[PDB]
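Below: the structure, in structure tokens.
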Amino acid sequence: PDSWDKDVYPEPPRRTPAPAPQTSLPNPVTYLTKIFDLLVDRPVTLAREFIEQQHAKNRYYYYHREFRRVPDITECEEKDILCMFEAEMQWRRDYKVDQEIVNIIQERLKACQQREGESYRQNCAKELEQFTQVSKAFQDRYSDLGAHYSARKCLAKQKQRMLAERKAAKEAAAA
Amino acid sequence: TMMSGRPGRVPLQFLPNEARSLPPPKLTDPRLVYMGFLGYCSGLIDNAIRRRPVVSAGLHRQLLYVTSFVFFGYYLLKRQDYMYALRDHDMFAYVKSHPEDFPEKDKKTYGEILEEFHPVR
Amino acid sequence: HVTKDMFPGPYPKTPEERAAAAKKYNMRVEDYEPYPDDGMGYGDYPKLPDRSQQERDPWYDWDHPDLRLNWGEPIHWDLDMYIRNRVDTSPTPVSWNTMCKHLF
Amino acid sequence: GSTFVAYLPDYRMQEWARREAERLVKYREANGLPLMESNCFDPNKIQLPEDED
Amino acid sequence: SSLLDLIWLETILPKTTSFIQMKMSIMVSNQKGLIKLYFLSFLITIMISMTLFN
Amino acid sequence: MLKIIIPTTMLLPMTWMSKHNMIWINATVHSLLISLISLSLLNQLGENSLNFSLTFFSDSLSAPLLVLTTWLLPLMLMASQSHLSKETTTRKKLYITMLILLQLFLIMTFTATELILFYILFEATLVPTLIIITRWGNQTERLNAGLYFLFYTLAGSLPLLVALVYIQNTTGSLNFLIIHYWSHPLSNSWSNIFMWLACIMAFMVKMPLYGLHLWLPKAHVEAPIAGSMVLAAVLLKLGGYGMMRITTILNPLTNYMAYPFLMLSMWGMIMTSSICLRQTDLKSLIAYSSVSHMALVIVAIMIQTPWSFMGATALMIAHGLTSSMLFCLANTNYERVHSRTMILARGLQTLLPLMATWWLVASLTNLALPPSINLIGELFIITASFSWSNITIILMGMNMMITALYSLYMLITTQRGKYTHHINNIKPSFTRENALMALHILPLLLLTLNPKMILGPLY
Amino acid sequence: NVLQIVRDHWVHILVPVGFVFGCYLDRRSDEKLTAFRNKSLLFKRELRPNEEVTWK
Amino acid sequence: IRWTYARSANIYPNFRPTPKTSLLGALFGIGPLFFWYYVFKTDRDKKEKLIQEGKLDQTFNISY
Amino acid sequence: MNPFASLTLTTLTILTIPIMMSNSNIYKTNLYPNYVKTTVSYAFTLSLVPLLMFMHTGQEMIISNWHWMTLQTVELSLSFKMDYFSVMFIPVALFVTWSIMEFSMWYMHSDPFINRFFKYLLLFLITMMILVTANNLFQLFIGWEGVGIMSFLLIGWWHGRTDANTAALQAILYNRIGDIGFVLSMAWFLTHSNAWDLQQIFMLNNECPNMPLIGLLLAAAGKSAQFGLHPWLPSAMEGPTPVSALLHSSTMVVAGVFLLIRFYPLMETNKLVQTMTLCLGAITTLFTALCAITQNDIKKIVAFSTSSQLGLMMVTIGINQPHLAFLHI
Ligand SMILES: CCCCCCCCCCCCCCCCCC(=O)OC[C@H](COP(=O)([O-])OCC(O)COP(=O)([O-])OC[C@@H](COC(=O)CCCCCCCCCCCCCCCCC)OC(=O)CCCCCCCCCCCCCCCCC)OC(=O)CCCCCCCCCCCCCCCCC
Ligand SMILES: CCCCCCCCCCCCCCCCC[C@@H](O)O[C@H](CO[C@H](O)CCCCCCCCCCCCCCC)COP(=O)(O)OCC[N+](C)(C)C
Ligand SMILES: CCCCCCCC/C=C\CCCCCCCC(=O)O[C@H](COC(=O)CCCCCCC/C=C/CCCCCCCC)COP(=O)(O)OCCN
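Those sequence lines, one after another, are chains H, X, V, Y, R, Z, S, A and D.
If you use the working numbering, the first sequence corresponds to residues 5 to 179, in order.
If you use the working numbering, the second sequence corresponds to residues 120 to 240, in order.
If you use the working numbering, the third sequence corresponds to residues 56 to 159, in order.
If you use the working numbering, the fourth sequence corresponds to residues 1225 to 1277, in order.
If you use the working numbering, the fifth sequence corresponds to residues 19 to 72, in order.
If you use the working numbering, the sixth sequence corresponds to residues 11 to 469, in order.
If you use the working numbering, the seventh sequence corresponds to residues 2 to 57, in order.
If you use the working numbering, the eighth sequence corresponds to residues 5 to 68, in order.
If you use the working numbering, the ninth sequence corresponds to residues -15 to 313, in order.
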């Protein structure tokens, strides 16, 4: 269905083997499914076509809102409140975006697990690795900020992380 | 602050002439309407005390209370605004005449300011 | 309709007020026994037997058949603890210590 | 009032965040970028304090 | 209910404050109305102020 | 925001100029209209807030509380309509005026851009409820209950004024936006410790914290039905709202100053729940259950994590609705028996079956049955505490267990068994009471369908 | 009957009048804080040919 | 009426500070609080030490 | 397309129609029990088809239809799992319930509130279906609490009897003791695996630690009336015979064993928890059989027989044979 992008939500070909009856006994499954189509799937499709043509009679559009990039907290003065406000709003929007990214990865992982069945432990290694990477990135970015999270606290956390990394690298090089 | 000893102050002036250079308060000022409401409440209490119909005992007396409260409130607002203008004028004059006590702080960016981070756990 | 003087009061110290409290609580003077005079504020109220409400006579025509109480009789301090829906102290065919030893 | 609350416009920007996230993951997967980045702000813009200890 | 809520938690904050305030009020207000003691205390506090805050 | 305040103020001249036999009708109609208007505030943004003016603003945390406060007044009027039948018209108008003033003060309290204005209105709310409790109270202990309720709060809140003026003198402003944006860490100093205590105690005494909760059972037992309603639904949430707003400036001291309080709640939410098992008064039982729930909310606020905050907001809303419903039920029983004791009226399901259904639904909501918002808040706070420390669950679990017990106790003692023989003045339930219970319960199950409206700004 | 029911039902007009008056007060406040209209860095937009203000 | 009044409002006027009541109140009101405080302080200190040492394996711990 | 999903959801959808009609006029007549029984029979004969489809091919599906809410990185949605266990347990449960309601139309003929009794039976059936088909821990907890509260309501059917009330409260007490462990497991899973959806829990836990499985075992012991928490099941005989026959003998009780079956991939990676499960099952079955040996009331004897069977099923769970335990269910 064109309602969603296929690349964002990748799916396997899932080829299905053709029926190969071995005995002469007619399986009731096929009779039940045929009567199911005849009694359910036809009126439903008819009503959907009617509704779709009614919608086609009156078409109107809605658009995705675009946001312009604004200077962030690292290029903000100490007590300048306006640019601080803009940086805080931009940081919050970015935060929501990363939360939705993690949501997409988690949905991918769950779908892989259910689809591959009892071979999931070997057939979903790639999704598990992607989820591990995204989870590590998100935990590094936004964990332990607190209930009153803000851009300055995230910046301070990132700065102390760079301090730790720089000290460790200097010590290893000078070891 | 103690602006009692401010030089060039007339001993008993409610409003000096230099107070006429400021924008007068509007008649629809919320403070004036509040003063009128206080006058109306005073009239209602007066009617209640004398054991009279509270809402409609004397319309003339309630009108007099409202008008007197509005008059005095307008004058009080003028005086208060003038006093605050004087305070700000003295503030700015002093900071202008004493640059050594109010140095310009070097504007520093957050990207070069190290703030300690306390994790919440 | 309740006056000030029939409400529970302080621990009785003289036999006169002891008999007065027994009369207030609708029980015999010889049967009346207040709680000990310690810090806990039991006070005037009588120390009724710790028997549960379940083991009361099921054939007596009580005024409250479900709770098996009579109107006007003194009420146990812990009545809500024994209401036949909670802990009961009815005798059991085997002694308590034997049952505990066997299960343990 | 219940109907009014049910059909409130998405002022919280849920679908906007969904669509932005979809475009970002599509771009980063097409060009090979490693999905989310560990650093929220680029290190080129932070002036770190030299220790010289 | 009885020991903690009805006895000790009531003893600590409310009852202690009430007892202290009642006792202090009794001590402060219990004067016979004699100007003799009043002016004696006036003299004492005058000398205390003279000898203590300078 | 003035579109809500101005009609509430106009409620007073309407009430005072109404006919001698039409005050209730107009009061209820226009209170419901004001609630409908205030429903618009639920539309919130993931961004900062809806900053109406320099004096008022709204947030995703203030919106549910404002909607609940506006919805409460019609219910309080319907509850108070019964027992004020033999009252003079002037005194009924005074009572309605007190209710309207209390609602107005709460409405301007929950917006409160600036902390000193918040304190002014949050202390102004003390007067109408005190007058309600000490004037239209049945018992002779109403005076002592009013004194306790007044003095606990005033003793708690007096150092808060000093702390707030000190904050304004040092930092320079008390506007919440500037306070959040210019927030700075608190150094580990004795001065800062006493600063923290002054800023926190005023709100923690009104939650109420365990050990500071002596005033609540009294103020609940001696108050009339409207007083119990308002003090159980919204006036308890003033402390939680205050702590949620004020904790932005207390970091990182709160990381270790919260230990004495957490314990007091973590143990307290157990102890009071056990108190509920042995109670001879319905009102006292519900008051102690309220203390337990608010102790859990205190734990959630002191943990200071996002899930904790959303759980605390949801629990505040759900507890307010359920407690008001339970107190309405208890008052309906009292107006028939005039005794306010649990063991006198028994077997009421045989006599009043729909009231028995209302009792069952109220108990199930208080029992935190899924998927009600009560359980949503309870579970969120439990998970956040589990992340705080894996051992907490033990206490939490115990409380949950005990909770269910006493709830069903309250359901079984009053409604099941054999009816008491000598009570024969049990008239069939009126339409007014049944409508009150329906208007209490339907919003809970409706909010269950859209939890995001009551999960706070951190959703 | 008009001029008879009015003396009893004029009081129902007060609250809706308060609401509309309330709306006007909110609008008055909005005009004052127009110091940054079409001046925020995020929403800096060139006006339409027949536009004077971004919002009112 | 007597039972309810004795259960509710006749406790404090008949309450006298005694060594038994004082000791029981101190125990039952202070012991549990400090005991739970010690337990939780030890647990959280151990967790903080493990976090600082880096040996905790907090992977996938996103919601807190 | 794919009638599996449509029929599987249609069974649960039509199981709820008489609940909506409970305010209609049919609820005030004597035809309501027959109406509910016919609805249950139709639901069973409709549900017989997806089981046939699975038998032919092995069809399994997850249906995440309604999105309840999203909490940062967690997403809670209305998801139904229709794997082998669900599509096999639904027809058996519906058949048993149909037989029980047909029997109750005779057993409870003299009860003035018979329509309320059938309404309660249908509500319990709906909550059990919700529990069985649940895909995330929140929906499963919803069903877990629904079956328990419906058991409380049905045991105390004669509210004028003190023993019925105390038995119902006892059942609530023991089930809440199990709920402690259930909530511990939910908190652990959302804290560590960052999801309540079963697929993520299965992916992220290759070597499940002791604590979540301990919580699950405690919940299963509480609801299945194991040795530590057994007396509630025999005391739950204060209720009517039809209620005991369906709720306490063959359906609600097996909830704990079913929960342990649902999480069998994680159970097989823990060796201590399996040992505890086996030991608890063995003590439960022997203690209950020993009790049933000398009992004199027939209902109590069959209750102890059911408890012994549940203990045997837990023993099967302990030795890592989940499908055999489901077959025994
Ligand atoms: C942000 C705040 C917003 C609002 C501000 C709040 C205050 C507002 C009002 C302030 C005071 C002004 C009026 C008070 C005068 C007192 C008179 C009185 O008692 O009432 C009788 C009178 C009616 O009775 P009556 O038939 O004439 O004769 C009866 C006798 O008078 C007397 O009858 P009686 O003697 O037979 O009965 C005795 C009774 C009567 O005794 C009393 O009622 C005394 C009055 C209360 C004392 C007020 C003291 C001063 C005000 C303090 C305000 C504090 C605010 C801070 C919050 C804390 C609250 C304590 O006393 C008792 O029952 C004793 C029991 C004690 C109970 C507890 C006491 C609590 C009192 C605290 C009240 C505070 C608020 C008052 C609200 C208004 C009350 C009228 O009431 C009125 O008519 C006045 C009400 C307002 C009139 C509205 C007209 C406007 C409508 C048309 C224009 C539309 C406007 C919009 C414009 C656009 C439209 C086109
Ligand atoms: C009694 C006998 C039975 C008769 C009834 C039989 C029929 C059964 C139907 C009853 C419930 C069955 C469940 C069916 C649910 C369908 C409706 C639901 O899906 O809508 C919800 C909508 O419900 C509302 O969100 C919740 C109601 C609002 C709650 C406010 C309460 C009213 C105000 C009163 C004062 C409040 C006081 C407390 C302070 C807050 C959630 O929808 P959502 O997925 O999201 O999006 C809607 C569609 N969009 C995408 C176009 C927007
Ligand atoms: C239920 C009743 C509860 C009542 C409230 C209990 C909490 C009491 C809070 C403490 C009282 C004083 C608060 C002061 C307001 C905060 C302002 C502040 O913190 O500024 C400090 C000032 O701090 C103080 O001065 C506080 C001193 C305390 C004096 C009053 C003592 C009151 C009793 C204290 C012990 C009880 C507190 C906890 C009680 C718990 C509730 C029972 C720094 O001032 P500087 O001198 O300029 O800085 C020094 C560097 N140049």
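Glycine included, every Cβ here is placed at the ideal spot set by N, Cα and C.
Residues of chain H with a Cβ closer than 8 Å to the Cβ of X:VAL239 are, in chain order, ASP148, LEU149, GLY150, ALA151. Taking C-beta atoms as the reference points, D:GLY206 and D:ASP147 fail to come closer than 9 Å. Leaving aside the five residues that flank Z:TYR220 on each side, the residues in its chain whose CB is nearer than 8 Å to its CB run, in chain order, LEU274, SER275, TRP277, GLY278, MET279, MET281, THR282, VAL301, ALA305. Listed by position along chain X, the residues whose Cβ is nearer than 9 Å to that of Y:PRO1273 are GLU231, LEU233. Chain H places no beta carbon closer than 9 Å to that of X:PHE221, leaving this residue out of the contacts. Interface with chain Z (9 Å Cβ-Cβ cutoff): D:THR146 is included. Under the criterion of beta carbons closer than 8 Å, V:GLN109 and V:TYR87 do not qualify as touching, at roughly 25 Å. Taking a Cβ-Cβ cut-off of 9 Å, the neighbours of D:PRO(-13) in chain H comprise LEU36, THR37, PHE40, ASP41, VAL44, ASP45, given in sequence order. The C-beta of Y:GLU1276 comes no closer than 9 Å to any C-beta of chain H. With its beta carbon less than 9 Å from one in chain A, V:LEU134 belongs to the interface.
The beta carbon of V:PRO113 sits closer than 6 Å to no other beta carbon from its chain once the five residues preceding and following it are set aside. Two segments are said to touch when three or more pairs of C-beta atoms, one from each, lie closer than 8 Å; by this definition the region 162 to 175 of chain H touches the region 1257 to 1276 of chain Y. The distance from the Cβ of D:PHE310 to that of D:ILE245 is about 6 Å, consistent with a contact at the 8 Å cut-off. When the alpha-carbon of Z:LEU42 is set against those of Z:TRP81, Z:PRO23, Z:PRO453, Z:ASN434, the nearest one is in Z:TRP81. With its beta carbon less than 9 Å from one in chain Z, S:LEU34 belongs to the interface. Taking 9 Å as the cut-off between beta carbons, the residues of the region 30 to 61 of chain Z near chain Y are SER45, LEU46, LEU49, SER50, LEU52, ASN53, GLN54, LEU55, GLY56, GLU57, in sequence order. The nearest non-hydrogen atom of ligand 3 is 8 Å or more from the C-beta of D:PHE69.
Closer than 8 Å to some heavy atom of ligand 2: that describes the Cβ of Y:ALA1230. In the DSSP assignment, D:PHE64 falls outside any alpha helix (DSSP H) and lies within the beta strand (DSSP E) extending over 58 to 65. In this structure, H:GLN117 keeps its C-beta atom at 9 Å or more from the C-beta atom of D:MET66. Under the three-pair Cβ rule at 8 Å, the region 373 to 381 of chain Z does not count as touching the region 396 to 406 of chain Z. Annotation for D:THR54: the continuous beta strand (DSSP E) segment containing it runs 46 to 55.
Residue-level contact by beta carbon holds for A:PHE64 and chain H, with a gap shorter than 9 Å. Pairing R:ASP23 with D:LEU55, the inter-Cα distance amounts to about 40 Å. Within the same chain, Cβ atoms closer than 7 Å to the Cβ of Z:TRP34 are found at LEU87, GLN91, the five residues on either side in sequence being excluded. X:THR147 sits in coil when the DSSP states are folded into three classes, being neither helix nor strand. Think of a sphere of 9 Å around the beta carbon of Z:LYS96: no beta carbon from chain V falls inside it, the nearest being about 21 Å out. Contact between the region 355 to 374 of chain Z and the region 309 to 323 of chain Z is not established, with fewer than three Cβ pairs separated by less than 8 Å. Residue pairing by DSSP places H:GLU81 opposite X:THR228 in a beta bridge.
Along the region 64 to 85 of chain H, going in chain order, the ones with a CB nearer than 9 Å to a CB of chain Z are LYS83, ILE85. Beta-bridge pairing by DSSP links V:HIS119 to V:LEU124. At a cut-off of 9 Å between beta carbons, D:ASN149 contacts chain V. Note: Z:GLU124 is bridge-paired with Z:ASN185 in the DSSP secondary-structure output. Taken from the Cβ of Z:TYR344, every heavy atom of ligand 3 lies 8 Å or farther away.
With contacts defined by Cβ atoms closer than 9 Å, Z:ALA229 and Z:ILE143 form a contacting pair.
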